[PDB]
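Let me begin by presenting the structure, written as structure tokens, before commenting on it.
2 protein chains.
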Amino acid sequence: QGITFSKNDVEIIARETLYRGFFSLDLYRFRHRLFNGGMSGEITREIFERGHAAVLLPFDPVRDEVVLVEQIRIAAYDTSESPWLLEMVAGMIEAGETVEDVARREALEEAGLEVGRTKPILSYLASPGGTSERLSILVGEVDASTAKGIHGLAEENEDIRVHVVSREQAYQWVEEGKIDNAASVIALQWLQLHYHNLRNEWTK
Amino acid sequence: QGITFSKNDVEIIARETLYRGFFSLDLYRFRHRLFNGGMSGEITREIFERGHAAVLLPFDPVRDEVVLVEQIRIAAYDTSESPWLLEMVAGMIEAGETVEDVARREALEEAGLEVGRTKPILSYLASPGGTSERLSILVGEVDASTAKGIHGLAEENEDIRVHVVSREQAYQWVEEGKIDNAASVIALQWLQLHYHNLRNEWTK
Ligand SMILES: [Mg+2]
Ligand SMILES: [Mg+2]
Ligand SMILES: [Mg+2]
Ligand SMILES: [Mg+2]
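Residue numbers (PDB author numbering), protein chains in the order written: chain B, 7 to 210; chain A, 7 to 210.
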């Protein structure tokens, strides 16, 4: 069971910078084994290179509440009723940083929140046919009564409003499509599948 | 409760295509309302434009099984032990096509699967800080005993292997990180939250 081939079965011949700006787009040139027993020819794929992220689900296990952050995401505009989204605390991981240190820093900058205990949720590839981006989600213990107001770093044009909802309310917003970004959907579905055990662990 | 601002509260000044090849990278230039009042100055964001996708979770409600498709995703290479991933049937939506039309066509091309009934799962933004991509997931009724072999369009260098596993095994592979692409994580978490009702609905 499981996948068929490993890194022994693919060679990346070269990568070519197609675009270099804030982010990059790279042409990967590679060959790989085929399920029928042969080797492919040279394949090329355009890959959006934008680094990787840490994501924090801020969960108050005493109150059974979730902290959401609201901010504009212009890329949502063309397919959404509004480009302002309800999301998880999150940010890019820079060289030498840990997932958990980024999560804590962003929780303070984006929601004014201190974080207590943490546990991993899941680490996922956002859209691996066209981007390398991986996002690593943690759940962090918070006191949701301390989560309120307008945050974000103005010098980076980051304008963020905190919302506090019950867990059940956040999950219903997923089921209704009011929360519809991957990081939040994955985190809140995970929470709906693990909240009993997590609340026990964090309130004993 | 809910979001604060709408499309009336943002002005997209211009979009500039910075790169065009198979996909595009666009620079959005815009200004938007601020939570504390007033308007931002001009902000620019680089946005990866690659269209939008339909995703099909193939679920056999008689057997409580899912059909997975395996193929290489070279963008996974740098952060994964292998770039061959276990994934949902999925494909790009072309002009005029519906999510359902694409899901049914791809199920045949990628897994040799006829699909009976379908239902919506969720529609999500893959990573809206840097890409506009939206993926719309359906669950599709299949006979997993018909699922086997190698598929994909060899003329597009699409080499795909079918795997059939129990729902429980697929979900445990999500928990373990062996399935870690957003579309499959979201779909299989949804299935874990809804399978009892879905099996009752589809075996009446
Ligand atoms: Mg952020
Ligand atoms: Mg931030
Ligand atoms: Mg596909
Ligand atoms: Mg296909």
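Note that beta-carbon positions come from the ideal geometry of N, C-alpha and C, so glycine has one too.
Legend entry - Closest residue to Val121/B among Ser151/B, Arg79/B and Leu24/B (Cα-Cα distance): Walking along the first sequence from the start, residue 121/B turns up at place 115. Of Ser151/B, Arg79/B and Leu24/B, the residue nearest in Cα terms is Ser151/B.
Inset, instruction - With a 10 Å radius around its C-beta and 16 neighbouring C-beta atoms as the bar for buried, classify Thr137/B as buried or exposed. - result: If you number the first sequence from 1, residue 137/B lands on position 131. By the neighbour-count criterion, in which a residue is buried when 16 or more other Cβ atoms sit within 10 angstroms of its Cβ, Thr137/B is buried.
Legend entry - Nearest-angstrom Cα separation, counted from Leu33/B out to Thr50/B: The residue you call residue 50/B lines up with position 44 of the first sequence. The residue you call residue 33/B lines up with position 27 of the first sequence. Looking at the two C-alpha atoms, the distance is approximately 6 Å.
Legend entry - Closer than 6 Å: residues whose CB approaches a heavy atom of ligand 1: Spelled out in chain order, the answer is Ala96/B, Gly97/B, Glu112/B and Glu116/B.
Legend entry - Integer Cβ distance of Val145/A from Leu91/A, believed to fall under 8 Å: Here the question's residue 145/A lines up with position 139 in the second sequence. Here the question's residue 91/A lines up with position 85 in the second sequence. Not quite, the Cβ-Cβ distance comes to about 20 Å (not below 8 Å), so this is no contact.
Legend entry - Simplified DSSP assignment, three categories, for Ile192/A: Here residue 192/A corresponds to residue number 186 of the second sequence, with the count starting at 1. Residue state, collapsed to three classes: helix.
Legend entry - Residue of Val95/B, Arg173/B and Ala20/B minimising C-alpha distance to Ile53/B: If you number the first sequence from 1, residue 53/B lands on position 47. Out of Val95/B, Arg173/B and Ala20/B, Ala20/B has the C-alpha closest to the C-alpha of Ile53/B.
Inset, instruction - For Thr104/A, name the three-state secondary structure that DSSP assigns. - result: Along the second sequence, read from residue 1 onward, the residue named residue 104/A stands at position 98. Note: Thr104/A maps to coil in three-state DSSP.
Inset, instruction - Drop a sphere of 10 angstroms on the beta-carbon of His169/A, count the other beta-carbons inside from all chains shown, and report buried for 16 or more, exposed for fewer. - result: The residue you call residue 169/A lines up with position 163 of the second sequence. With 16 or more other Cβ atoms within 10 Å, it is buried.
Legend entry - Distance between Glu147/B and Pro67/B (C-alpha atoms, nearest Å): The count along the first sequence starts at 1 and reaches residue 67/B at position 61. The count along the first sequence starts at 1 and reaches residue 147/B at position 141. Their Cα atoms are separated by approximately 7 Å.
Inset, instruction - Kindly say whether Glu22/A, judged by its beta-carbon, lies nearer than 8 Å to any beta-carbon of chain B. - result: Taking the second sequence and counting its residues from 1, one reaches residue 22/A at position 16. For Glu22/A, the answer is no, since every Cβ of chain B falls outside 8 Å of its Cβ.
Legend entry - Length of the line joining the Cα atoms of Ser12/B and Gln175/B: In the first sequence, residue 12/B corresponds to position 6, counting from 1. In the first sequence, residue 175/B corresponds to position 169, counting from 1. C-alpha separation (whole angstroms): 42 Å.
Inset, instruction - Under 6 Å Cβ to Cβ from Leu194/B, same chain only, skipping five residues before and after it: list those, please. - result: One-based indexing of the first sequence puts residue 194/B at position 188. Around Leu194/B: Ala176, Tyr177 and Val180.
Legend entry - Pairwise C-alpha distance: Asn163/B and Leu131/A: Indexing the second sequence from 1 puts residue 131/A at position 125. Indexing the first sequence from 1 puts residue 163/B at position 157. Cα-Cα distance, rounded: 22 Å.
Legend entry - Residue(s) in a DSSP beta bridge with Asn187/A: Here residue 187/A is taken as the residue at index 181 of the second sequence, counted from 1. Answer is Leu131/B.
Legend entry - CB contact flag (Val191/B, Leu128/A, <8 Å): Here residue 191/B refers to the residue found at position 185 of the first sequence. Here residue 128/A refers to the residue found at position 122 of the second sequence. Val191/B is a Cβ neighbour of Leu128/A, given a cutoff of 8 Å.
Inset, instruction - Can you give me, in chain order, the residues of the stretch 51-69 of chain A that have a beta carbon less than 8 Å from any beta carbon in chain B? - result: Taking 8 Å as the cut-off between beta carbons, the residues of the stretch 51-69 of chain A near chain B are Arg51, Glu52, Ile53, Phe54, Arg56 and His58, in sequence order.
Inset, instruction - Mark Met94/B as exposed unless 16 or more other C-beta atoms lie within 10 angstroms of its C-beta, in which case mark it buried. - result: The residue labelled residue 94/B in the question sits at position 88 within the first sequence. It counts as buried.
Inset, instruction - Would you give the residue range spanned by the alpha helix (DSSP H) that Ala176/B belongs to? - result: Indexing the first sequence from 1 puts residue 176/B at position 170. Start and end: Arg173 to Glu182.
Legend entry - the stretch 138-161 of chain B: positions lying closer than 8 Å to chain A by Cβ: Listed by position, the residues of the stretch 138-161 of chain B near chain A (Cβ gap below 8 Å) are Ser138, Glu139, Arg140, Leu141 and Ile156.
Legend entry - Separation of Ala109/A from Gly102/A, as counted between CA atoms: On the second sequence, residue 102/A is found 96 positions in, with the first residue counted as 1. On the second sequence, residue 109/A is found 103 positions in, with the first residue counted as 1. For the pair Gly102/A and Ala109/A, the Cα-to-Cα distance works out to about 14 Å.
Inset, instruction - Return yes when at least one heavy atom of ligand 4 lies under 7 Å from the C-beta of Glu181/A, else no. - result: Stepping through the second sequence from its first residue, residue 181/A is reached at position 175. With a threshold of 7 Å, the Cβ atom of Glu181/A does not count as near ligand 4, since no heavy atom of the ligand is closer than that.
Inset, instruction - If I'm right that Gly97/A touches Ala153/A with Cβ under 8 Å, what's the distance once you round it to whole angstroms? - result: What you label residue 97/A is simply residue 91 of the second sequence in a count that begins at 1. What you label residue 153/A is simply residue 147 of the second sequence in a count that begins at 1. Contact check for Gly97/A and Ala153/A: beta-carbon distance about 17 Å, past the 8 Å limit, so the pair fails to qualify.
Legend entry - Inter-residue Cα distance where the pair is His58/A and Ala117/A: For this step, residue 58/A is matched to residue 52 along the second sequence. For this step, residue 117/A is matched to residue 111 along the second sequence. Whole-angstrom Cα-Cα distance: 21 Å.
Inset, instruction - Tell me where the beta strand (DSSP E) around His58/B begins and ends. - result: Counting from 1 along the first sequence, the entry for residue 58/B is found at position 52. Boundaries cannot be given for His58/B, as no beta strand (DSSP E) includes it and DSSP labels it neither H nor E.
Legend entry - Min CB distance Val108/B to chain A below 8 Å: In the first sequence, the residue the question calls residue 108/B occupies position 102. No - not a single Cβ of chain A is within 8 Å of the one on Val108/B.
Inset, instruction - Classify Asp165/B as buried or exposed, calling it buried when 16 or more other Cβ atoms lie within 10 Å of its own Cβ. - result: Here residue 165/B refers to the residue found at position 159 when the first sequence is read from its first residue. When all chains shown are included, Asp165/B counts as buried.
Inset, instruction - Determine the contact status of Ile185/A and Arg167/A, defining contact as a CB-CB distance below 8 Å. - result: Taking the first residue of the second sequence as 1, we reach residue 185/A at position 179. Taking the first residue of the second sequence as 1, we reach residue 167/A at position 161. Using a Cβ distance threshold of 8 Å, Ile185/A and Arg167/A do not count as a contacting pair.
Legend entry - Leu114/A classed as buried or exposed, judged by whether at least 16 other C-beta atoms fall within 10 angstroms: Locating residue 114/A in the second sequence gives position 108, counting from the first residue. Exposed: under 16 other Cβ atoms inside 10 Å.
Inset, instruction - Return yes when the C-beta of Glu120/A is under 7 Å from any heavy atom of ligand 4, and no when it is not. - result: For the purposes of this step, residue 120/A is taken as the residue at position 114 of the second sequence. Outside the cutoff, so no.
Inset, instruction - Figure out for me which residue from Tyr83/B, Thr10/B and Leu31/B has the closest Cα to the Cα of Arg39/B. - result: In the first sequence, the residue the question calls residue 39/B occupies position 33. Answer by Cα proximity: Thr10/B.
Legend entry - Check: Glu139/B C-beta below 7 Å from any heavy atom of ligand 2: The residue given as residue 139/B occupies position 133 in the first sequence. Because no heavy atom of ligand 2 lies under 7 Å away, the Cβ of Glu139/B does not count as near it: no.
Legend entry - Against chain B: residues of the stretch 34-50 of chain A by CB proximity under 9 Å: Listed by position, the residues of the stretch 34-50 of chain A near chain B (Cβ gap below 9 Å) are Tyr34, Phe36, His38, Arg39, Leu40, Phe41, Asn42, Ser46, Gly47, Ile49 and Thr50.
Inset, instruction - For the beta strand (DSSP E) containing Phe36/A, list its first residue and its last residue. - result: Within the second sequence, residue 36/A is the residue found at index 30, counting from 1. Counting along the chain, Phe36/A sits inside the beta strand (DSSP E) bounded by residues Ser30 to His38.
Legend entry - Rounded separation between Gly183/B and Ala81/B - CA only: Taking the first sequence and counting its residues from 1, the one referred to as residue 183/B is at position 177. Taking the first sequence and counting its residues from 1, the one referred to as residue 81/B is at position 75. Approximately 17 Å between the Cα atoms of the pair.
Legend entry - Residues bridged to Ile78/A (per DSSP): The residue you call residue 78/A lines up with position 72 of the second sequence. According to DSSP, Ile78/A bridges with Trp90/A.
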